[PDB]
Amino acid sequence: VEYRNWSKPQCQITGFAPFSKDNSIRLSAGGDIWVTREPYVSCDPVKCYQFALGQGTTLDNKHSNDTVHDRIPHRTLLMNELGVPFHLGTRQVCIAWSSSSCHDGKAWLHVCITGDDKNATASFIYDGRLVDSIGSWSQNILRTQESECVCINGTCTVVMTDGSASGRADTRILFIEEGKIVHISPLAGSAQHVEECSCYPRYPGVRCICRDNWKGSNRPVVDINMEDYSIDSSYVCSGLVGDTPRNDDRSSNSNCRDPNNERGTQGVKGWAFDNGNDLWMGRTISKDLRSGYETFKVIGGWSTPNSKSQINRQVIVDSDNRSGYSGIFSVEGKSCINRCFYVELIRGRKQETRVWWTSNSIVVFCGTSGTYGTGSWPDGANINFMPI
């Protein structure tokens, strides 16, 4: 095989279609299944694989107690064929409490981060081996995407952040070839605070719709020039707004340039993508907590500022159900590259107090140009049924 170049236009879509569902939680009630969080998906040239950072235990395990915590030395990245649940035979590809993964065309690149919060180490494992590594630069939680990185012509991009979870941080874009760090670009542009990036190829460059955790409800954009390693950044134009927390659609706005300063602190891993002057996005239905999920196109949402005109809406998860993080993944077709997405459905502790654990399920949809319907596909577990 040769290197992936993602040289084909984007497919023109009408909406999305059901792709996969793992049903992890319902299964946990009667089977040895892993405790997870922060899942995502990628596809090499032939098939897709689902990932997630495990918690070092099975759900029906006394060790699952107090799993709300994001960072312990036992979290490792697990990889399986999309659709087969995280059973004991699953593979732990590395030690990591934060990750990103991508296939350049020749093989897989895994970026796993771990260690002490003030002095973490991030490993780059290419083609099954450790090729390079980097240590924390701001000594305050070195972190990254929690979803696929992308490669073009054998160079894969990854954006990491170190520093304040609610103040000026130090965001950088890394270029690695064959597992080795070839260049490092420091963030530039108007974007005030970048987190958990949401990247997708847009030849000849890569685009990320990230999370602003300090002063923004609107989402930051980070354009990466694969050529001279240049970087531009801003906020989406769409007057709707896809972060949580946020103001209601009537009291919302963005100018494409600076944080809207409305319920800016906190956030959630989100996504969006361009379609000419238009924009396709997804957000939780509630503006306060992570509940429900719906998607829609916003006419003029990319080019015009404060665009609120929406259409082609579909609810993935209904108003009454819990969701979580979200990401996008691109797949190469016969004539165009297609855009897909997954939804992490979290259940348990800190929100549902019967149990003492925290884990999650996933659902993924892919874009289509045909016709479709309506429905709702949530986790589906009866919190009252077994396990803790």
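All residue numbers are counted from 1 along the displayed sequence.
Legend: mean Cα B-factor per stretch from the PDB entry, 89 to 97 versus 161 to 169; the higher mean is in 161 to 169. Higher mean CA temperature factor between 222 to 230 and 99 to 107: 222 to 230, per the PDB entry.
The residue among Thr304, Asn80, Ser133, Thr114 whose C-alpha atom has the highest B-factor in the PDB entry is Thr304.
For the set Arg143, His74, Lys269, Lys215, the PDB entry assigns the largest Cα B-factor to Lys215. Residue-level temperature factors show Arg129 in the middle third of its chain, judged at the C-alpha atom.
In the deposited entry, the Cα temperature factor of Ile311 places it in the middle third of its chain's modelled residues. Remark: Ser147 belongs to the lowest third of its chain, ranked by C-alpha B-factor as recorded. When the modelled residues of the chain are ordered by their C-alpha B factor, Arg26 lands in the middle third. Ranked against the other modelled residues of its chain, the C-alpha B-factor of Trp137 as given in the entry falls in the middle third.
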